[PDB]
Amino acid sequence: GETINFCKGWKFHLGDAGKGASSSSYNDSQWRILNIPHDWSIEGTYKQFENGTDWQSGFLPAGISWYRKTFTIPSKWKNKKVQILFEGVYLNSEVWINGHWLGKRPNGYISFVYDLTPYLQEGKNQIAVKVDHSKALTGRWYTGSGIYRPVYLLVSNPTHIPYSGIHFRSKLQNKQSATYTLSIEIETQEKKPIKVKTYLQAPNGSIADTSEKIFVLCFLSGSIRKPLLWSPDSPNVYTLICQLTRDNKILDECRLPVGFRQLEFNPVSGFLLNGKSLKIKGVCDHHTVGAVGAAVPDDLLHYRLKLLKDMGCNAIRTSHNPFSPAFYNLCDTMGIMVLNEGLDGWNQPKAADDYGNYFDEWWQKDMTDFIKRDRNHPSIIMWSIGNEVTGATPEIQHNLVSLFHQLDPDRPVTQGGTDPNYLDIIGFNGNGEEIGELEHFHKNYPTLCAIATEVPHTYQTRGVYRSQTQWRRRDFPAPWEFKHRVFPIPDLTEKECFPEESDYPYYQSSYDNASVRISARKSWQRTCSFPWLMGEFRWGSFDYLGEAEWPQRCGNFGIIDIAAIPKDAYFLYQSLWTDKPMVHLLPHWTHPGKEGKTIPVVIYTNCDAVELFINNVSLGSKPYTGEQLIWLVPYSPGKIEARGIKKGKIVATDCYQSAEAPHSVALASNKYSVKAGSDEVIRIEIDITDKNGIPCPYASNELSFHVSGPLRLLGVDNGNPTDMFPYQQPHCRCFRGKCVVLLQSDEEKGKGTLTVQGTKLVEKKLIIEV
């Protein structure tokens, strides 16, 4: 057998091509030619009303569209069974082979396979795919549209392991050894016996154990000495290799990643991994990645996960649906625990055309396929069966918890917004942020396990500051919108220092002072004060498309912007969640017009103390005892610098210089070599600089990109939540000084040059070897 990449060279038709588009004979020669993964939605035009979509779905186009592709069968595969794997299609896909209807599948986040074998022909075979997003309000966030994950042809001996057909389970015994069991489904038509062989390949490439078993499900038992345990700090991942053999000839092979670790959950001390207790420092994210929408290449996923990893984050919650195979594979190798969530609402829709409409009929097939796909990932520590569910019923809750308990007895089940029951772990959402709530749950339910599945909710825009506190309900209300129930956040100054920001009511402050109920810092301090609370998953890692009223294309929920540029809140978390000594200063020091006026300069740090300097004159030293450090500083232009001290030694610094008028750009790339024809991504971050190279924090200059050689544009973005612009054209305005361009290699080798230009700026060039 073999796995064939089936992404290249599909045909695509925006809009509904009609009934005929399923048949063999249809003429698709006028159709666009593209490669998948593909999100047609991220290719269109923002419209407030015309697209059908709204504040939740993110104002981009949906509707119906079609894909088609031709393939031929080699001679080698005359014997073979041939299937098609779709890792995901949003949504309501139907598929046809040589005219024959294979099925319709509503759920847009689930992987699925169809058997083509019985319908294959002499020469040329036709696939047609209809994606039906005509009922566009399918999510409380921007979803994307299309064949947004890869597609493969699974070509096997009639005797093979079906997709999702292996279940691996282990039990650790101290640290000397572990035992494990293997459940392997086998499809076959021939009665002669089969010798199943399996290998645990260690992270270093060596084979650490073998097990063998004759089959006529096939279940194996094995063990291993000193297995290398999986943790965030040490993501050891074994690769399980399983073969079906006969007369010592391999008939089928299947590989998957697995790992060894022990999970314990209790209501007194929380979570323990490998016997060592561990606070869960978590974030939620959605499946979409800004300028690329739902069709995310692995390199970009990697880039984002690594930014999370460097912030000190050790878990992500897949709000609120299954993610891609690639995501779980990278959490396994990178050391990020997952709370893997399968649903938002249940059978009452939350957005009018969402899975609500399909639940009663599809919940069981979907959730089974979900659990069977992901239950082997060592990264996954916990399941969620939904989130702020409306019309919840004990009957439905039991149906779900039992299914998960049955198909995976080795991990607990929670559900977001279930704070006061068939759950193993209560999940606190926003009410966990109100005064007294956590305490009152603990007094009253001291034997229940608890985790904050969505705490806290804070709002912030990159490069924007307000010295006075804003509260969402009064100052930036959500579309469905108390004093005594928030944790106070005092104003930084008596009078506002940035009154010019009142002209951007759709941007929130990047101090720790624009929120709903609680600061980021206070949330985390509280979570730490309660050993019984396993941890928290903040709402908003990356800003994500959708869920924002016009004229916003995205919300201010994340601590990193929609282009993957850290906001100050990123460094607030880094300062609380990591040990390596660091210090971070806010805001910048470019305040022309405000000479003499008070700027509140705020420090985040993990050092013992910090001393602040304006042009190397000391503004005084302050010890660090857990709060943010504030100095009120009269503005004079110059170099502002915070020095971080441990044990009397200065071990970290942060600074800013006052910028002059914009003059050129600084280019910074994550890579400078890229393999031709691959799907790698070059990410270039652009800063508008003055004549001495100091970044301009207020620059919004329009830029132009020019690529020569074998390089292609993938998308551009600036992080401005109220700027709507075509993502796949080489123009972009900067936002508070920055913007980002994503490049990929073309088909052929050579030397690649990006040039960046703007009116009244000196161009700069950047070379990428291919």
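Cut-offs and rules
- Residues numbered from 1 in each chain as written, not as in the entry; some residues may be left out.
- Heavy atoms only, no water.
- Residues with missing side-chain atoms left out of burial classes, pairs and counts.
- Helix = DSSP H or I, 4+ residues; strand = E, 2+ residues; numbered from the N terminus.
- Rg over C-alpha atoms; globule rule 2.2 N^0.38 Å.
- Pairing = 2+ DSSP bridges.
- Axes fitted to C-alpha atoms, helices over the stretch in contact; angles between N-to-C directions.
- Expected span 1.5 Å × (residues − 1).
- Buried < 20%, exposed > 50% of the residue type's maximum accessible area, 1.4 Å probe, protein only.
- Arc of directions from axis to C-beta.
- Contact = heavy atoms within 4.5 Å.
- Core = buried A, V, L, I, M, F, W, Y, C linked by side-chain atoms within 4.5 Å.
- Domains from an automatic or database assignment.
- Parallel < 35°, antiparallel > 145°, perpendicular 65-115°, else oblique.
- Left-handed = near helix turned anticlockwise from the far one by under 90°.
- Nonpolar A, V, L, I, M, F, W, Y, C, P; charged D, E, K, R; others polar.

- In its metadata, the entry names X-ray crystallography as the structure determination method and reports 2.400 Å as the resolution.

- In the annotation of the PDB entry, the protein chain is listed under the name Glycoside hydrolase family 2, candidate beta-glycosidase and assigned to Bacteroides vulgatus.
- For this entry, the PDB record gives the title as "Crystal structure of a beta-glycosidase from Bacteroides vulgatus".

Description of the overall build of the protein chain
Here is step 1: Scanning the protein chain for helices and strands turns up 8 helices and 45 strands.
Here is step 2: Taking 770 residues into account, the globule formula puts the C-alpha radius of gyration at 27 Å, and the protein chain, at 27 Å, falls close to it.
Here is step 3: Projected onto the principal axes, the alpha-carbon positions of the protein chain cover approximately 90 × 65 × 50 Å.

A short note on the sheet that holds strand 12 (residues 177-184)
Here is step 1: Spatially, the 3 strands line up as an open sheet ordered 11-12-15, and their pairing is antiparallel. Because the sheet does not close on itself, it has two edges, and the strands there are strand 11 (166-173) and strand 15 (218-225). In this sheet, neighbouring strand axes are inclined to one another by 15° on average, regardless of whether the strands run parallel or antiparallel.
Here is step 2: Relative to strand 15, strand 12 runs antiparallel, the two sharing 8 bridges. Note on strand 15: the bridge partner recorded for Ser177 is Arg225.

Regarding helix 1 (residues 298-310)
Here is step 1: For helix 1, which comprises 13 residues, the first-to-last C-alpha distance of 18 Å matches the rise-based estimate of 18 Å (1.5 Å per residue) to within 8%.
Here is step 2: Burial in helix 1 covers these residues: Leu300, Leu301, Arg304, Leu305, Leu307 and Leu308. Summarising the axial view, the buried residues of helix 1 lie within an arc of 155°, below the 170-degree limit, and thus occupy one face.
Here is step 3: As for helix 1, its buried residues are in contact with strand 21 (280-285), strand 22 (315-318), helix 2 (325-334), helix 8 (568-577) and strand 43 (738-745).
Here is step 4: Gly312 occupies a position one or two residues after helix 1 and carries a positive phi of about 85°.

Comments concerning the nonpolar core
Here is step 1: Residues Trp10, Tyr67, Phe86, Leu400 and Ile603 are the most contacted members of the largest nonpolar core, which totals 119 residues.
Here is step 2: Other than its neighbours up to four places away in sequence, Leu400 contacts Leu343, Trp346, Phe359, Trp363, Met367 and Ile385.

Digging into the domain arrangement of the protein chain
Here is step 1: When its domains are assigned, the protein chain resolves into domain 1 (1-157), domain 2 (158-262), domain 3 (263-582), domain 4 (583-660) and domain 5 (661-770).
Here is step 2: The centre of domain 1, based on its C-alpha atoms, is set 54 Å off from the matching centre of domain 4.

Focus: the environment of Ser575
Here is step 1: Note on placement: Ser575 falls in helix 8.
Here is step 2: According to the relative accessible area criterion, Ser575 is buried, its value standing at 5%.
Here is step 3: In this structure, the C-alpha to C-alpha distance between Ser575 and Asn606, residues 31 residues apart in sequence, is 5.3 Å.
Here is step 4: Setting aside chain neighbours within four positions, we find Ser575 in contact with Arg521, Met582, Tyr604, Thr605 and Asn606.

Considering the sheet that holds strand 18 (residues 263-266)
Strand pairing in a sheet relies on backbone hydrogen bonds, with the paired strands running either antiparallel or parallel.
Here is step 1: The strand order across the open sheet formed by 3 strands is 18-19-20, and the pairing between neighbours is antiparallel. Pairing within the sheet leaves two strands with one partner each, and these edge strands are strand 18 and strand 20 (276-277).
Here is step 2: Direction of pairing for strand 19 (residues 270-273) relative to strand 20: antiparallel, over a ladder of 2 bridges. Bridge assignment links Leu273 to a residue of strand 20, and that residue is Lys276.

Focus on the packing of helix 7 (residues 520-529) against helix 8
Here is step 1: The N-to-C vectors of helix 7 and helix 8 enclose an angle of 25°; their axes lie 10 Å apart at closest approach. Taken as axis vectors, helix 7 and helix 8 run roughly parallel relative to one another. Seen along the crossing, helix 7 lies across helix 8 with a hand that is right-handed. Counting all contacts with helix 7, which are made through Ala520, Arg521 and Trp524, the residues of helix 8 involved are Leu572, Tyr573, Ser575, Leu576 and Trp577.
Here is step 2: Partitioned by chemical class, the residues of the contact of helix 7 with helix 8 number 6 nonpolar, 1 polar and 1 charged.

Side note on the pairing of strand 43
Here is step 1: Of all 8 residues making up strand 43, 8 are buried, and the element is well covered by its neighbours.
Here is step 2: Here strand 43 shows no split at all, with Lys738, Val740, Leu742 and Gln744 on one side and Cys739, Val741, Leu743 and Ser745 on the other all buried.
Here is step 3: Of the strand pairs in this sheet, strand 41 (residues 711-717) and strand 43 are connected by 6 bridges, and their pairing is antiparallel. When the bridges of strand 43 are listed, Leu713 appears paired with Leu743.

Observations concerning helix 2
Here is step 1: Summarising burial for helix 2: 8 of the 10 residues are buried, a large majority.
Here is step 2: Buried residues of helix 2: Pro325, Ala326, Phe327, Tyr328, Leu330, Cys331, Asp332 and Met334, and no others.
Here is step 3: Contacts made by the buried residues of helix 2 are with strand 17 (249-258), helix 1, strand 22, strand 23 (337-341), helix 3 (359-374) and strand 24 (380-387).
Here is step 4: A positive backbone phi angle near 90° is found at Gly335, which sits one or two residues after helix 2.

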